[PDB]
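Student: Everything below, folded, please.
(chains A, B, C, D, E, F, G, H and I, ligands or ions: 8)
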Amino acid sequence: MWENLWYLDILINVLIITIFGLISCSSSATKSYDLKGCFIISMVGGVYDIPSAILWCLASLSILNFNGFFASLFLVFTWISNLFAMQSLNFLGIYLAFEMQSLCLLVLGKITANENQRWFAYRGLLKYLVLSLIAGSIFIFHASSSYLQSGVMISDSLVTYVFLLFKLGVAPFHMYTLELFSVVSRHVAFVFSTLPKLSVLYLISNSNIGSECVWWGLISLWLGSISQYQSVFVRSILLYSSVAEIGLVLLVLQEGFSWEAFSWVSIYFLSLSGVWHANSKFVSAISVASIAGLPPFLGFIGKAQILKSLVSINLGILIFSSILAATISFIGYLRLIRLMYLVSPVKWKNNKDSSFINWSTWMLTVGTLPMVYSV
Amino acid sequence: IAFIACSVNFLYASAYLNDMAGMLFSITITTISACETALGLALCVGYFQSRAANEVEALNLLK
Amino acid sequence: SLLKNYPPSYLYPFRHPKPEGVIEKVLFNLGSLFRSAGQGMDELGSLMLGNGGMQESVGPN
Amino acid sequence: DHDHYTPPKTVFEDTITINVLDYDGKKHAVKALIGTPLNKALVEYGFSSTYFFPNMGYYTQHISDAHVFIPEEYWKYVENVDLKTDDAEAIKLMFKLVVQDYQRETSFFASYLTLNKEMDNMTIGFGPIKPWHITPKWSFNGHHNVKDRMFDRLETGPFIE
Amino acid sequence: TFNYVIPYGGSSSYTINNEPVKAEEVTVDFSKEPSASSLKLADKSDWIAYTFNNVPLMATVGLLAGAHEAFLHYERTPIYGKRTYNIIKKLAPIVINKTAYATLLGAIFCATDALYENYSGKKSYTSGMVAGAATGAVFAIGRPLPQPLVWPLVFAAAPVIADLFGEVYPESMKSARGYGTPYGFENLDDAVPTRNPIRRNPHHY
Amino acid sequence: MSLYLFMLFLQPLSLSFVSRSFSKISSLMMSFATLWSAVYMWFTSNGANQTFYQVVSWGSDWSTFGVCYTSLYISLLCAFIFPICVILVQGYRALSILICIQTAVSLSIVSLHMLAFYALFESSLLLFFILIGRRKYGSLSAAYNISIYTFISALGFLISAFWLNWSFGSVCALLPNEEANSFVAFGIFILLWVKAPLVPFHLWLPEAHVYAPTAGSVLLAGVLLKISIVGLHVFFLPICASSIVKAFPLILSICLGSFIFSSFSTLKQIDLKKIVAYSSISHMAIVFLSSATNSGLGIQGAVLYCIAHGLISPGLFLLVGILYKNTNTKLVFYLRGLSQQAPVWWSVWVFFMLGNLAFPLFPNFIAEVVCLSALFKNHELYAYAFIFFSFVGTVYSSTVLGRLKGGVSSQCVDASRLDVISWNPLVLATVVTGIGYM
Amino acid sequence: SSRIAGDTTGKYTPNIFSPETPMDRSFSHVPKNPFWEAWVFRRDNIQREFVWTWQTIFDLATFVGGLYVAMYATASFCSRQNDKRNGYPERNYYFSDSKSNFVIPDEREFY
Amino acid sequence: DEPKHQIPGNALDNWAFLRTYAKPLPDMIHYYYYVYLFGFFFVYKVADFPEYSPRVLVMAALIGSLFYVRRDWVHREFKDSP
Amino acid sequence: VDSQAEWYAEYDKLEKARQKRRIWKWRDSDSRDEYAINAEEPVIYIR
Ligand SMILES: CCCCCCCCCCCCCCCCCC(=O)OC[C@H](COP(=O)([O-])OCC(O)COP(=O)([O-])OC[C@@H](COC(=O)CCCCCCCCCCCCCCCCC)OC(=O)CCCCCCCCCCCCCCCCC)OC(=O)CCCCCCCCCCCCCCCCC
Ligand SMILES: CCCCCCCCCCCCCCCCCC(=O)OC[C@H](COP(=O)([O-])OCC(O)COP(=O)([O-])OC[C@@H](COC(=O)CCCCCCCCCCCCCCCCC)OC(=O)CCCCCCCCCCCCCCCCC)OC(=O)CCCCCCCCCCCCCCCCC
Ligand SMILES: CCCCCCCCCCCCCCCCCC(=O)O[C@@H](COC(=O)CCCCCCCCCCCCCCC)COP(=O)(O)OCC[N+](C)(C)C
Ligand SMILES: CCCCCCCCCCCCCCCCCC(=O)O[C@@H](COC(=O)CCCCCCCCCCCCCCC)COP(=O)(O)OCC[N+](C)(C)C
Ligand SMILES: CCCCCCCCCCCCCCCCCCCC(=O)O[C@H](COC(=O)CCCCCCCCCCCCCC)COP(=O)(O)OCCN
Ligand SMILES: CCCCCCCCCCCCCCCCCCCC(=O)O[C@H](COC(=O)CCCCCCCCCCCCCC)COP(=O)(O)OCCN
Ligand SMILES: CCCCCCCCCCCCCCCCCCCC(=O)O[C@H](COC(=O)CCCCCCCCCCCCCC)COP(=O)(O)OCCN
Ligand SMILES: CCCCCCCCCCCCCCCCCCCC(=O)O[C@H](COC(=O)CCCCCCCCCCCCCC)COP(=O)(O)OCCN
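Tutor: Numbering: from 1, shown residues only, chains lettered A, B, ... in the order given. Ligands and ions are numbered 1, 2, ... in the order given. See below for the structure:
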């Protein structure tokens, strides 16, 4: 019964915080900082390893910039779903966790839209829903065939590999991100383009979900780079950068380089924090430099990990493609710098809520030299 | 309909193997599908309430 | 108005009413200590600042 | 050397009025300066923010455009654009995403028309526009019912919201 | 060297050789050997057989391209309006022609490759360059002036890239290990492994 | 060494704490103090220590810094030419950009780690993208050109560095490693091919020089082109000699073609800065080929000729910038009668143009003699090819001088006291090196 | 109509309101010509008038590629002569197909 | 006045060419739905594909890239006609 | 200033760093499923 207590404490924590927030709901505290701190404390009871501590760190940094009890509660729900995705041992765990996370995404997207933004945000949420239904239905049908044929539910199969390709957002499965994250709140796009990936990477590494095929990561890299270079809108540029990088990280993870992808996801979270929560041009400039992989900042270390892992596996086509696609993506990042300082006078909203933005920029500048051992 | 088809396949496999895994996965499918449909119907109703007068078949995006 | 249970800090932001709980009283005394220490540090800084000390006062109407 | 200096004209002489048909069907007399682009003159008058959309070019989104209907006689003053460049790309996306079926042979975008003396008492109309989205802040639901002004928008252009 | 007086680098004696020493005591391999199907498809002995084995890839690619274009057309046609013309009569030529022309280009490429290798008798870069040149020439039969030059060059360059990074690159860096002692330098005192690291199992997807 | 590195780190540090009205004065004092620290580094560098004069490490392989013959010459050259850049540039933004660029470049020269070299050298990527693409007088196309060219070449170099770090376990120069792989050799080579402008990867340099400010052009020509030879002597020749000897006919083909076609392209120029920028490209090929011979003469001659170029081309760029300030034109056809109108500017212009044509009393002569001797050691025809086509440089230099020299002009455009102060150190250094104090 | 802007004493002030035009650095600026400016624009943007013609391909190949081919042949001949001169075995150059592995001479060996 | 690039073509003809992009725009879910479905089934079938030579794979990729039609190209040129 | 001692100390530091890196590069799979490759690792599963 003692082993069950570890999981049960997290429930009891979440429930009592929920009922306390429901009772203590007032206009005097619309920004419920106290429940945010309570949620952060409660999520410490789920840390058991380094990857779980990274999950906690990103979850807390995300919950800081959500406003209200309700959105923070659904971020806690996303954290629970992610924690169970890491611990899933067969098909049922994978399914339960990931469509719980999909439900949390739908709710978070719906509740952060204004009345004037409903026409496009609800359309994007609906399109995401239907595509996710396609993915889940195919997954569970093939899972039924596999469970019939083998008599057991084993998470080392092609079915879960393709389902996790959909979850990662690689090669033919990246369009839901483009449609949904273009029309949703910037924080929602930021937290759901970084945090979900860590659980999928952990599941792939631990449960041996790797394929010999390199087509999908190659397609992700080339398509992401070329579409980023051809995209006029800034949101599409940032969204396609993730497709390219996650294709490259998928190629690295299949070969067993778990440590490097676990560092890359964290450095990418920190790098994307500043450009998505754009309040200052200089912070966004450093963030864009970090995403490009540029040397003075921590983003150079994260990209260097992946590239260094590539030369070890000694696949020439991947390296050649990596160089050319990296140049193509660099052109789009340079477009982003040009738009801020070299096109026209720029005036932005004075949204002085840089909770972890200054800390993230400081970490990007500073952290390069301490982490140099990694590469 | 498709989710029900998959859940029925899992129940069929459970009967074939005399195992309880498919029964559990099927109740899981029922719950998750119902929750997804409720949220999606919420989004559909909200989408239809925000339609502008000029928009004609808002629900039929596939046209 | 609809509700009458609004927190006193919410109703009187300019000056909170006299502390009534023990914790509130301790916070009040700690604030008094902080105020005195801050004024002392202010005067010490004003000595280095030179003639005038960057002092400020209310102006006449 | 030292030819005669030409004194400048006062604002009254170099103001032309254009009659603009708005979406509701009312006709507005928009006083405008010669040498100004049509988009700027329309923005300064006080038309609502739904009436305008950013120029959908890589580096032109700070400019605010409108879908306008130009009489055949004034088609000459519209600016030529090179198809092999990206200005034509801005124009093609603005037709593809905003105008769509509402296009007519008189359809043009305001930035490519510059007001001059011969365009005095010209009658133009705002062309119908389809719902468009770039960012949640910069979007058009399809309802022309906000009473703000595009003038009162300090925000230069679309970036991450 | 880092000095201006004597040449940089060094030289190794050609007379002196160093006995090979194993990177580890026991070798466990997670890299699977080529399948018999791969060796069958790679076999260029009979040019007709080689062509017929490798064309399904080209036909598949042409079918996806034609399906993409045909769906772009189908998506546009209005369901609400009844159409006098038959849509499939419009759409079938697209897919069929795309697939046929793709298959023809791939057939020229594979046939010329196998024929050149048989006649030359050696596996070389030149077979791929000549097959690509012929395929690009077929691509630009009636096309305007830059294209007679550019397509033979691009189609010839593609097999060069495939050979350089698909065959030469892996074979050049087989020996390099990354663990224990550097492949050239075993005299240096580095931790010597009993077994090689297995970072992943042999794949089976 | 430690003092030099500390002062290099101190210069960008000072800008954060200065009053923003004292910035120019503080920056000039910091530049001169860095020059003095470089002189101290030369003093504490004993020739008895033949391999490396000085090596310092600050806790990791990346923090390993050291000076050799090439590194010491290039670092003294950059520290010498930086103050002139400082005085030429006005504004806190411009000062900040130029100081950060110089700190990164000067740290690259003394670095002994390929990855740290890459990290420091490419840190100045956006700074040039912003600098060359400045609001009124900059061009976005040139900034795009330079940024993309640098990114692709440096990424290839980075991939080769990763492979070396995986195979050997180290990528520091002080650890002896040799490789025969051609892919890694090309990965290291492509950076040198692009950074040292070598046909057909030379297109970025012209557009950058024309649309960069005079201080920016001075730094670019003075030391950023020389970073190629630091990379070649430090990170390519020690490890990739087998590949340079395998590809020597190809290397000569590309180098001599760059020399010839850059000389011919110079003839078609109407802009003074473009003329100087193309002269630089033709000059780089002799350096690259002389080093590639991997002989004692070649390395010394290449580093010497780099010093000669880094004393002659900054002077020409500075004089052209002064003339453009006085005239607001760079077209040779607009500029006439400069001999009568600007006798003092004309004297220095002719002196530096003679230096660029490698006349005996100039350092370019000694440097060229050594480089040609190395080429002659390889083969007679190699030297003969370079010696003949040097006449093309004379044609365009003489045409430019003749066009500027005489005519009718109604404007006195001659340099002020500030301008003469700006070039006096370069003239003195040119004379001192020309008499043999190379 | 003109006045001296510069003051050596250090009491320099820019008279932006002065009726007389200051003799500042812009005083000596070259007047410029409309057609010369258009010639400069044409000459810089000469890529607009680039057309692929058989004559253009002929010129580019015969001069550029011809010079590259000639230089490569001469360099290969010089390498062959030097190998015969030095007494080295025929070196394995990149595009030469040689069944010898000799690349770098051994300093210790006597050739 | 400044030297400027010559723009080929007439102003109204170029504007008429650009106006051929203003056509009824389908929503992208219809394409995405089919691509997702056929892509899932395609990934399932790929594991069963025979191993192809790298040269043939690269040539197939080149042919696919050449044969790919941008969605805007069909948009401008689409005619609801036989 | 003993240049010989400084040179040898610096070289020793770099060589030690290389040895440490090559030890650090010796990595088997840490996957929880992979009990064969890690048979000797001391672990407890709570599942
Ligand atoms: C203070 C001492 C700390 C030193 C050691 C730490 C261990 C003791 C933990 C003590 C707690 C200190 C926390 C520090 C680390 C946290 C780890 C941890 O906690 O669990 C690990 C620890 C044992 O796991 P392990 O040591 O990792 O070994 C297991 C296996 O080796 C499997 O694990 P593995 O994954 O490590 O396997 C080895 C791995 C080797 O992996 C490594 O080498 C690790 C490298 C270090 C990375 C460090 C960064 C990680 C970021 C997380 C930040 C920590 C957040 C703290 C969260 C917990 C707070 C207590 O090899 C791999 O290949 C796997 C890949 C690993 C990931 C790749 C690393 C990249 C990380 C990302 C870096 C990217 C840069 C970002 C920017 C950085 C710029 C400077 O578990 C515990 O000891 C118990 C956990 C209990 C936590 C909370 C429970 C107490 C409170 C309960 C009630 C709570 C409610 C009341 C609240 C009260 C307050 C109000
Ligand atoms: C009934 C349903 C209809 C669909 C039917 C099929 C259903 C799917 C079934 C299975 C799907 C899985 C496999 C399909 C391919 C995966 C792509 C995908 O699914 O992404 C979702 C994608 C939609 O995603 P999206 O985000 O909405 O669209 C992004 C674009 O911006 C879209 O916007 P955009 O169209 O306006 O812009 C297109 C843009 C987008 O950019 C791309 O397309 C990127 C593609 C680059 C290659 C991709 C990686 C190739 C690696 C293949 C790996 C296998 C081989 C391994 C070895 C190869 C080594 C490289 O590219 C272009 O601008 C046009 C050029 C296209 C290729 C560019 C490269 C040219 C190189 C040739 C040089 C020669 C020129 C020399 C002369 C030049 C003179 C100066 O759906 C599809 O497009 C599927 C259509 C299937 C047709 C593909 C035909 C061939 C397929 C195999 C050949 C592989 C080459 C790829 C060709 C282009 C494919 C896009
Ligand atoms: C080895 C370290 C390197 C590895 C890095 C990963 C490890 C991270 C370790 C350091 C983490 C530091 C994180 C810094 C976050 C910055 C603090 C912050 O965000 O405060 C917010 C917090 O905002 C909130 O929402 C408050 C609610 C939560 C308050 C904090 C909750 C504390 C919970 C307890 C956590 C204790 C840990 C539990 C036991 C481990 C306040 O900012 P705002 O008011 O929202 O806006 C700022 C406006 N402006 C700056 C422009 C003036
Ligand atoms: C705005 C400018 C106005 C001012 C004009 C200044 C006028 C300059 C006067 C011209 C000077 C000509 C002197 C040329 C000789 C160079 C001086 C020299 O190099 O000093 C020699 C000492 O030699 C002499 O003193 C030479 C004596 C000069 C007087 C001899 C007769 C004068 C006739 C001139 C002919 C000189 C031709 C030399 C050609 C190279 C240093 O001796 P070392 O210790 O051995 O130095 C090492 C050698 N190395 C420099 C290469 C590193
Ligand atoms: C990125 C490399 C792509 C090449 C770019 C070249 C320019 C593109 C123009 C397209 C022309 C088609 C590509 C031809 C390039 C091959 C070079 C021709 C040399 C040659 O014919 O020898 C072959 C071997 O060279 C070879 O085929 C292998 C040589 C590898 C090519 C050169 C690699 C470095 C070039 C990088 C230059 C700068 C990069 C910028 C593009 C024959 O050999 P054999 O074995 O068949 O013997 C014959 C027994 N029958
Ligand atoms: C297995 C893979 C098989 C091979 C597949 C190959 C596929 C293609 C790979 C090409 C990768 C190279 C990436 C560079 C692309 C060229 C630059 C883009 C052209 C361009 O328009 O950029 C504009 C300016 O760039 C400029 O002004 C720069 C001018 C050109 C730069 C020169 C290129 C660098 C040197 C090339 C070779 C170097 C050595 C190679 C080893 C800015 O466009 P915008 O920001 O306004 O966006 C608006 C969108 N239209
Ligand atoms: C066509 C003229 C050549 C243009 C180059 C002009 C001069 C450049 C020389 C640079 C000097 C050092 C570079 C090493 C070799 C580079 C190219 C040498 C010529 C070459 O391509 O030889 C090939 C061998 O090299 C190879 O197999 C690899 C070639 C380079 C690969 C291209 C891109 C690599 C990028 C890798 C990034 C870093 C990766 C690090 C892991 C084939 O000659 P062969 O011996 O097969 O003879 C068969 C003939 N019948
Ligand atoms: C598509 C792009 C290309 C299309 C256009 C290409 C047309 C150019 C073709 C002609 C180029 C000039 C001729 C050089 C190549 C000759 C044929 C190559 C075969 C060859 O190497 O023969 C050697 C030629 O003599 C030599 O060693 C070279 C003599 C000619 C060089 C001097 C003439 C020009 C001088 C100008 C200065 C250029 C060189 C500066 C160093 C002598 O045979 P072998 O005894 O060496 O044995 C070597 C065994 N084949």
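
Student: Packing partners of the helix ranked longest in chain H?
Tutor: With secondary structure taken from DSSP state H, chain H has its longest helix at helix H:29-46. For helix H:29-46, the packing partners by 3 or more Cβ pairs under 8 Å, 6 or more residues apart in numbering or on different chains; DSSP states H and E come out as helix A:118-150, helix A:158-168, helix A:175-183, helix E:47-76. All C-beta atoms are positioned from the backbone trio N, CA, C, and that covers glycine.

Student: Which of the residues in the first one are classified as buried?
Tutor: With burial defined by 16 or more other Cβ atoms under 10 Å in any protein chain shown, the residues of helix A:118-150 counted as buried are A:118-144, A:146-148.

Student: helices or strands next to it in the packing?
Tutor: Going by 3+ Cβ pairs under 8 Å, 6+ apart, helix A:118-150 lies up against helix A:91-111, helix A:158-168, helix A:175-183, helix B:2-17, helix B:21-49, helix H:29-46.

Student: Just confirm yes or no for the second one near ligand 2.
Tutor: No - for helix A:158-168, no contact with ligand 2 is found by Cβ under 6 Å from any ligand atom; the gap never falls below 11.1 Å.

Student: so how far is that helix off the chain centroid?
Tutor: Chain-centre distance of helix A:158-168: 16 Å, with Cα atoms, centre = their mean, to the nearest Å.

Student: what about stretch F:406-413, how long is it end to end?
Tutor: Stretch F:406-413 stretches 14 Å from its first residue to its last (Cα to Cα, to the nearest Å).

Student: Distance from the chain centre to stretch B:10-27, please.
Tutor: Chain-centre distance of stretch B:10-27: 20 Å, with Cα atoms, centre = their mean.

Student: Need the residues that contact it.
Tutor: Outside stretch B:10-27, the residues within contact range by Cβ atoms under 8 Å, 6 or more residues apart in numbering or on different chains are A:91-92, A:95, A:140, A:143-144, A:147-148, A:151, A:153, B:7-8, B:29.

Student: what's the answer for stretch H:11-30, then?
Tutor: Residues from elsewhere that reach stretch H:11-30 (Cβ under 8 Å, 6+ apart): A:127, A:130, A:175, A:179, B:61-63, D:75-76, D:78-83, D:88, D:91-93, D:95-97, D:99-103, D:105, D:107-108, D:130, E:75-76, H:7, H:72, H:75-76, H:78.

Student: Which helix runs longest in chain C?
Tutor: Using DSSP H, we find that the single longest helix of chain C is helix C:22-49.

Student: if we can go back for a sec, tell me the first helix or strand C-terminal of the longest helix of chain H.
Tutor: Using DSSP states H and E, the helix or strand that follows helix H:29-46 in sequence is helix H:54-67.

Student: Give the full set of residues in contact with the nearest residue to residue F:208 once chain neighbours are set aside.
Tutor: Counting by Cβ to Cβ, 6 or more residues apart in numbering or on different chains, residue F:208 lies nearest to residue F:146, which is 4.6 Å off, once chain neighbours are set aside. By Cβ under 8 Å, 6+ apart, the contact set of residue F:146 is F:128, F:129, F:132, F:204, F:205, F:207, F:208.

Student: Taking the centroid of the chain, which residue is nearest it?
Tutor: Since you didn't name a chain, this refers to chain A. Nearest to the mean C-alpha position of chain A, by Cα atoms, centre = their mean, lies residue A:194 at 1.6 Å.

Student: Actually, chain B is the one I wanted.
Tutor: Nearest to the geometric centre of chain B sits residue B:33, at 4.1 Å (Cα atoms, centre = their mean).

Student: Quickly note the distance from that residue to residue B:6.
Tutor: Noted for residue B:33: a distance of 9 Å to residue B:6, by Cβ to Cβ, to the nearest Å.

Student: which residue does chain E bring closest to ligand 8?
Tutor: residue E:149 (9.6 Å; Cβ to the nearest ligand atom).

Student: Under a three-state scheme, what state does residue D:56 occupy?
Tutor: At residue D:56 the chain is in coil, as set by DSSP: H, G, I helix; E, B strand; the rest coil.

Student: Just confirm residue A:55 contacts residue A:79, I think it does.
Tutor: Yes - at 6.9 Å, residue A:55 counts as touching residue A:79 under the criterion of Cβ atoms under 8 Å.

Student: Spell out which residues are contacts of both of those two.
Tutor: In contact with both residue A:55 and residue A:79: residue A:46, using Cβ under 8 Å, 6+ apart.

Student: Compare neighbour counts for these two and give me the winner.
Tutor: Taking neighbours as other Cβ atoms under 10 Å in any protein chain shown, residue A:55 and residue A:79 compare with residue A:79 leading, 27 against 23.

Student: how much space between residue A:62 and residue F:419?
Tutor: Relative to residue F:419, residue A:62 is positioned 58 Å away (Cβ to Cβ).

Student: how about the nearest residue to residue A:326, chain neighbours excluded?
Tutor: residue F:155 (5.9 Å).

Student: neighbours around residue G:95, how many?
Tutor: Each residue near residue G:95 was counted by other Cβ under 10 Å, and the total is 10.

Student: so what's it up against?
Tutor: residue F:250.

Student: if we can go back for a sec, TSV please, covering the helices and strands packed on helix A:118-150 and showing distance to residue F:372.
Tutor: Converted to TSV, these look like this (distance: least, Cβ to Cβ, whole Å):
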stretch	distance to residue F:372
helix A:91-111	70
helix A:158-168	59
helix A:175-183	60
helix B:2-17	80
helix B:21-49	78
helix H:29-46	60
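
Student: Tell me which of those approaches residue F:282 most closely.
Tutor: helix A:175-183 (48.9 Å; Cβ to Cβ).
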